[PDB]
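K.L.:
The structure's right below; bear with me while I get my questions together.
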Ligand SMILES: [Zn+2]
Ligand SMILES: [Zn+2]
Ligand SMILES: [Zn+2]
Ligand SMILES: [Zn+2]
Ligand SMILES: [Zn+2]
Ligand SMILES: [Zn+2]
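Set out below in structure tokens:
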């Protein structure tokens, strides 16, 4: 009858023995290239035209569309818990603001520039980052100024984006993150900051590698998912043009790209961006009990760190600010 | 009143212009390091003790636990559609088979060895891969032979695993995939195949980098998620010990690791493993409409390819065998 | 040896035993600091034979230099010995070390940087030596510098140089300061 | 009872044997990438407005603030003992010289330019290096020309620094060492020397990596201690902009940085700068008997050499000029 067979083997080779390196819970921390701190997280903020706003957005999120009047009660618990940075997204709702040139982009009385002025007065501890694009301010909804019924007009889009970027910095934003993906915008935004004498105090956080996908919502310059060479050339371009830091978006599905950015842009801080759709997919899976949210969030976020990122833009900051306390 | 500002800029630099490289749908295929073919997919198969079985497993899957008697109706549509490989997982259910030495592992009349004998007679076109471990055959459920109430006994586990591996090859399995993660098993399995004169015809598909996570089920040698250095040393060990191919599991959350394996193990075929929990998380998200399954499956699977893999073990093969037809 | 040098064979054979005995008594990790050629291999082999290899982290003092940092005033690299330090780092990893130590640290930051590239996949550890610790304290009391200030600078230096672990006599303090 | 245990071991491997390489005192010299010569040391000199000066400064030093009238008796013993280079630091004391534009910086009758004229007449053997900055000549004490109650005005500071640098060279200084840390100063100083036809005879010794710390005194552009990527990009910038040599300051606490500069700037002479605070900390420790000064000075200074430097700016030159004799 069937009996357990045991082949004979040679003595163990030391080169085969890796196990003494990870056997204790502590050795598991010892084994990581970098550990998750609270000053690494960056919380996205969606500021509304309506100063009293605080409207729930939806997918699987727990994120809102707040207004300058509710902004102080929302950032207080966060700041006290250790939050050190936020990235600003303006959401102009008033019936007659959006246009073909994204005019409302640097509107001194828009959500963003008013979000900046409020934060720097009530939370001078917070590092202000601002997303730079025209998608949310143009009537068409594209990332830049279009040509008559066609493609994006590179020259006008960039020239426009440089202005918005310099205006946020002039209003007090410590950092501008351009997310248009339009060729050469980093150079013009950097040159514009230089001419505006704000280059030495505004960190240009480039979304160097922003891919298109089904991670933004079920269903303009944007790398195709298989585009690794373009992503690498875009990383290198953006650093040569002046970027002081780089962003990879999405992150979990593009970990190899963050690893590439970690070698191409070795001397610059890399940032991973946990996209709404990834966040909303972790939440869903969680509720369907396919996985445990806290468990899948630490795994996913340690992945950014392991892949090479030292900064993470995520909608899970509120939570993490809790969990890292533990 | 607020008017759109447009900074003045210098002429465009050619080095900033990448866009001519991705503007047409075709250029998006042109831009990929490698494209998804049907002979790249590997379908996992769970073979039951009960020869008539065909029991639905559950998370979000559409995968079953079939028996030798239903195996022909299940692989027919698949094989005709282009499926070229399968990886065998035996599931011994009979009330008195599991034990401390995983005796039933190479049981000539077990699910696996009978799954091999059936396939090689009804589908001699199919490439047979077999997972090699003792977790599913030991009373304790661990990946190897334990010590009296303690850790895993390296020597006995490996000596046991080498035997199971040589027995599957002797039964006709073209490839053995060891997934124990036990130090030096690749060497003993390779030596054992050599002594059994089966080394020149059995491809050792090593699960070189198998991390522990919440991707196997909501909630033994296994790399910790942040363990990049261990993963790299394990990749290099396994190739020096004889692996002919490598597997990274999970895949989507470990794309940077597949990218590392693509450089450490450059001359060997890399394989990504879309884990049950990732599969079950794509399905969930899909049904909650956070994303479109087909869309999120192509994105995720092209990610393996972009990250460096040329083979993919996924539960989405049935589907892909359809989609690639289109 | 009788009135002479160190007897490699007996020293190593002896050191392997001590190392396996600490592990058998419950020590999670053994750090060999003799600097004697091949001890890592025998200590690793001995742990293997004692079935304790998979649970004992061998933290090798791969690069231990001789200096005036141990006390005012046997295998030990000479301060200018960079090539030996690099070959010793590589030897110790091939022989089984799971982690590496560089001692001293502040005066050997370039060596920790070298270990960070030679031993890239292994945890590097810096060792703030008694004499460095005692020199930071002295300087402090003479007001040449501010202890907390010079301790963060020096210890961030280990981190910047490549270390992810630090053996220091300033832990009590740091356990306070990082709270802040 | 407890008896000495001796495990049995295998024969020694040759790859384990390094000891035959360092067993004799001579082999310890043989083992160094480079040895300390006297023409490697650079002695800092602090020249006072008061021509008869010779005021002891204090920390732990033995360095003074001399004046042109005492300069000949001070450099004589040094020069005869082998000193070949000095770096000039002007110290304007007269009650109404310092201002917002560092006007006195290139004052033809200031300490520096008069220190240059004196040395080139009494010691034409000496290589004259001059520190280039405005900190010691501006009323504010900052490294450059400020903006109205704010940050440093890049454009005016650099434009000013280029002039000072060209004026020292025009007065006879063989080398200018800019220590402001202001972005792009090397390029303007190099361009200015070119336009002044002095580029082919003035060595630009850039303080490429100057970090801020508690090593200058118990307690403007300056890299933060953990800033390795910035230090590396600054090293590369400065060489592309024209630096002929590089300086890393401080040195002992930044040995890894000198090692990085040794690879980034491989074809250029690297220089370590033993800072006042390090010098003053070696002296203190010495007097408290924590260590032996001569012993700790050779160790520390051989460290610069091992780390990659071929030049050392230190306050221990007088001593070394003695010790190397032995
Ligand atoms: Zn946009
Ligand atoms: Zn669009
Ligand atoms: Zn298993
Ligand atoms: Zn287990
Ligand atoms: Zn200065
Ligand atoms: Zn200052």
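Protein chains in written order, with PDB author numbering: chain V, 1 to 219, 234 to 340; chain F, 1 to 219, 234 to 340; chain L, 147 to 219, 234 to 340; chain R, 1 to 219, 234 to 340.
Using N, Cα and C, we set each Cβ at its ideal position, and we do this for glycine too.
1) Let me see if you follow: with CB-CB separation under 9 Å, is residue 192 of chain L close to chain R or not?
2) Once the 5 residues before and after residue 168 of chain F are set aside, which same chain residues still bring their CB inside 6 Å of it?
3) Report all residues from its chain with a CB closer than 8 Å to the CB of residue 119 of chain V; omit the five preceding and five following residues, and keep chain order.
4) Using C-beta distances below 8 Å, list every residue in its chain close to residue 98 of chain V, excluding the 5 sequence neighbours before and after it, in chain order.
5) Can you tell me whether residue 59 of chain R is buried or exposed? The criterion is at least 16 other CB atoms within 10 Å of its CB, across all chains shown.
6) Below 8 Å on the Cβ atoms is my guess for residue 189 of chain L versus residue 165 of chain L; work out the distance and round it to an integer in Å.
7) Any C-beta of chain V within less than 7 Å: which residues of the region 302-322 of chain L qualify?
8) Could you compute how far the alpha carbon of residue 276 of chain V sits from the alpha carbon of residue 298 of chain V?
9) Less than 8 Å between the CB of residue 179 of chain V and some heavy atom of ligand 1, yes or no?
10) Let's see if you can read the secondary structure: which residues bound the beta strand (DSSP E) around residue 131 of chain V?
11) Quick one: is residue 199 of chain V near chain F, going by C-beta distance under 9 Å?
12) Whole angstroms is fine: what's the gap from residue 328 of chain V's alpha carbon to residue 336 of chain V's?
13) For residue 206 of chain R, which beta-bridge partners are listed by DSSP?
14) Does the CB of residue 185 of chain F have a neighbour CB from chain L at under 9 Å?
15) Ignoring anything shorter than 4 residues or poking outside the region 5-41 of chain R, list the alpha helix (DSSP H) runs there in chain order.
16) Round the Cβ separation of residue 320 of chain F and residue 33 of chain F to the nearest angstrom and send it over; I've been treating them as touching at under 8 Å.
17) In chain order, which beta strand (DSSP E) runs of at least 3 residues are fully inside the region 54-90 of chain R?
18) Which residues bound the alpha helix (DSSP H) around residue 293 of chain R?
19) Got a sec: does ligand 1 put a non-hydrogen atom nearer than 8 Å to the Cβ of residue 130 of chain V?
20) State the CB to CB distance for the pair residue 287 of chain V and residue 261 of chain V, rounded to an integer number of angstroms; the pair is presumed to be in contact (CB under 8 Å).
21) When the Cβ atoms of the region 302-315 of chain V are set against those of the region 146-157 of chain V, are three or more pairs found closer than 8 Å?
22) Could you check the C-alpha separation between residue 248 of chain F and residue 285 of chain L for me, to the nearest Å?
23) In the DSSP assignment, find the unbroken beta strand (DSSP E) run with residue 176 of chain R in it and report its ends.
24) For chain R, check one thing: does any of its Cβ atoms lie closer than 9 Å to the Cβ of residue 332 of chain L?
25) Output the boundary residues of the alpha helix (DSSP H) element that contains residue 245 of chain R.
26) Expressed to the nearest angstrom, what Euclidean distance is found between the alpha-carbon atoms of residue 339 of chain F and residue 326 of chain F?
27) For residue 43 of chain V, which residues does DSSP report across the bridge?
28) Give the straight-line distance between the Cα atoms of residue 213 of chain F and residue 31 of chain F, rounded to the nearest whole angstrom.
29) Could you give the distance in angstroms between the alpha-carbon of residue 250 of chain V and the alpha-carbon of residue 279 of chain V?
30) Would you list the one or two residues that DSSP bridges to residue 211 of chain R?
31) Any heavy atom of ligand 1 inside 8 Å of the beta-carbon of residue 143 of chain R?
32) Is residue 266 of chain F buried or exposed, if buried means 16 or more other CB atoms sit within 10 Å of its CB?
33) Since residue 159 of chain L meets chain R, which of its residues come closer than 8 Å, beta carbon to beta carbon?
34) Whole angstroms is fine: what's the gap from residue 110 of chain V's alpha carbon to residue 143 of chain V's?
35) If residue 54 of chain V sits next to residue 62 of chain V, beta carbons under 8 Å apart, how far is it from one beta carbon to the other, in whole angstroms?
36) Going by beta-carbon coordinates alone, are residue 27 of chain F and residue 334 of chain F separated by less than 9 Å?
P.N.:
Working from what's here:
1) Looking up residue 192 of chain L in the third chain gives position 46. Taking Cβ atoms only, chain R reaches closer than 9 Å to residue 192 of chain L, which makes this a yes.
2) Translated into the one-based positions of the second chain, residue 168 of chain F becomes position 168. Same-chain partners within the cutoff: 130, 176.
3) If you number the first chain from 1, residue 119 of chain V lands on position 119. Result list for residue 119 of chain V: 71, 75, 86, 126, 128, in chain order.
4) As a first step, residue 98 of chain V is located in the first chain; it is residue number 98 there, counting from the start. For residue 98 of chain V, the CB contacts under 8 Å within the same chain, skipping 5 residues up- and downstream, are 92, 104, 137, 138, 139 in chain order.
5) The residue you call residue 59 of chain R lines up with position 59 of the fourth chain. Answer is buried; the Cβ neighbour count reaches 16.
6) As a first step, residue 189 of chain L is located in the third chain; it is residue number 43 there, counting from the start. As a first step, residue 165 of chain L is located in the third chain; it is residue number 19 there, counting from the start. Their Cβ separation, rounded to whole angstroms, is 4 Å, which keeps residue 189 of chain L and residue 165 of chain L in contact under 8 Å.
7) none
8) Along the first chain, read from residue 1 onward, the residue named residue 276 of chain V stands at position 262. Along the first chain, read from residue 1 onward, the residue named residue 298 of chain V stands at position 284. Spanning the two alpha carbons is a distance of roughly 30 Å.
9) One-based indexing of the first chain puts residue 179 of chain V at position 179. Yes, the beta carbon of residue 179 of chain V sits closer than 8 Å to at least one heavy atom of ligand 1.
10) As a first step, residue 131 of chain V must be located in the first chain, where it is residue number 131. Going by DSSP, residue 131 of chain V is part of the beta strand (DSSP E) stretching over 127-132.
11) For the purposes of this step, residue 199 of chain V is taken as residue 199 along the first chain, with counting starting at 1. Chain F, which has no Cβ nearer than 9 Å to the Cβ of residue 199 of chain V, makes this no.
12) Counting from one through the first chain, the residue named residue 328 of chain V turns up at place 314. Counting from one through the first chain, the residue named residue 336 of chain V turns up at place 322. In a straight line, the C-alpha of residue 328 of chain V is about 14 Å away from that of residue 336 of chain V.
13) Position 206 of the fourth chain holds residue 206 of chain R. According to DSSP, residue 206 of chain R bridges with R/260.
14) Within the second chain, residue 185 of chain F is the residue found at index 185, counting from 1. Chain L contact via Cβ: absent.
15) 27-30
16) Against the second chain, residue 320 of chain F aligns to sequence position 306. Against the second chain, residue 33 of chain F aligns to sequence position 33. Rounded, the Cβ-Cβ distance is 6 Å, consistent with contact.
17) With a minimum length of 3 residues, the continuous beta strand (DSSP E) runs that stay inside the region 54-90 of chain R are 54-56, 64-66.
18) For the purposes of this step, residue 293 of chain R is taken as the residue at position 279 of the fourth chain. Note, residue 293 of chain R: alpha helix (DSSP H), 290-301.
19) Translated into the one-based positions of the first chain, residue 130 of chain V becomes position 130. Every heavy atom of ligand 1 is 8 Å or more from the Cβ of residue 130 of chain V, so no.
20) Locating residue 287 of chain V in the first chain gives position 273, counting from the first residue. Locating residue 261 of chain V in the first chain gives position 247, counting from the first residue. Contact holds; Cβ gap of about 6 Å.
21) These segments do not touch.
22) Taking the second chain and counting its residues from 1, one reaches residue 248 of chain F at position 234. Taking the third chain and counting its residues from 1, one reaches residue 285 of chain L at position 125. C-alpha separation (whole angstroms): 22 Å.
23) As a working mapping, residue 176 of chain R is identified with position 176 in the fourth chain. Element bounds for residue 176 of chain R: 175-178.
24) By 1-based counting over the third chain, the position of residue 332 of chain L is 172. No, no contact with chain R.
25) Residue numbering aside, residue 245 of chain R sits at position 231 when the fourth chain is read from its first letter. Here the alpha helix (DSSP H) through residue 245 of chain R covers 242-254.
26) Along the second chain, read from residue 1 onward, the residue named residue 339 of chain F stands at position 325. Along the second chain, read from residue 1 onward, the residue named residue 326 of chain F stands at position 312. Between residue 339 of chain F and residue 326 of chain F, the alpha-carbon positions lie close to 17 Å from each other.
27) Here residue 43 of chain V is taken as the residue at index 43 of the first chain, counted from 1. For residue 43 of chain V, which the question treats as bridged, DSSP gives the partners V/86.
28) For the purposes of this step, residue 213 of chain F is identified with residue 213 of the second chain, where counting begins at 1. For the purposes of this step, residue 31 of chain F is identified with residue 31 of the second chain, where counting begins at 1. Looking at the two C-alpha atoms, the distance is approximately 33 Å.
29) Position 236 of the first chain, counted from the start, is the residue given in the question as residue 250 of chain V. Position 265 of the first chain, counted from the start, is the residue given in the question as residue 279 of chain V. Going from the Cα of residue 250 of chain V to the Cα of residue 279 of chain V covers about 7 Å.
30) Against the fourth chain, residue 211 of chain R aligns to sequence position 211. Per DSSP, R/237.
31) For the purposes of this step, residue 143 of chain R is taken as the residue at position 143 of the fourth chain. Outside the cutoff, so no.
32) The count along the second chain starts at 1 and reaches residue 266 of chain F at position 252. Residue 266 of chain F is buried by the Cβ-count criterion.
33) Here residue 159 of chain L refers to the residue found at position 13 of the third chain. The contacting residues are 6, 7, 8, 9.
34) As a first step, residue 110 of chain V is located in the first chain; it is residue number 110 there, counting from the start. As a first step, residue 143 of chain V is located in the first chain; it is residue number 143 there, counting from the start. Between residue 110 of chain V and residue 143 of chain V, the C-alpha separation is close to 18 Å.
35) Here the question's residue 54 of chain V lines up with position 54 in the first chain. Here the question's residue 62 of chain V lines up with position 62 in the first chain. Rounded, the Cβ-Cβ distance is 13 Å, inconsistent with contact.
36) Locating residue 27 of chain F in the second chain gives position 27, where the first residue counts as 1. Locating residue 334 of chain F in the second chain gives position 320, where the first residue counts as 1. No, they are not a contact pair.
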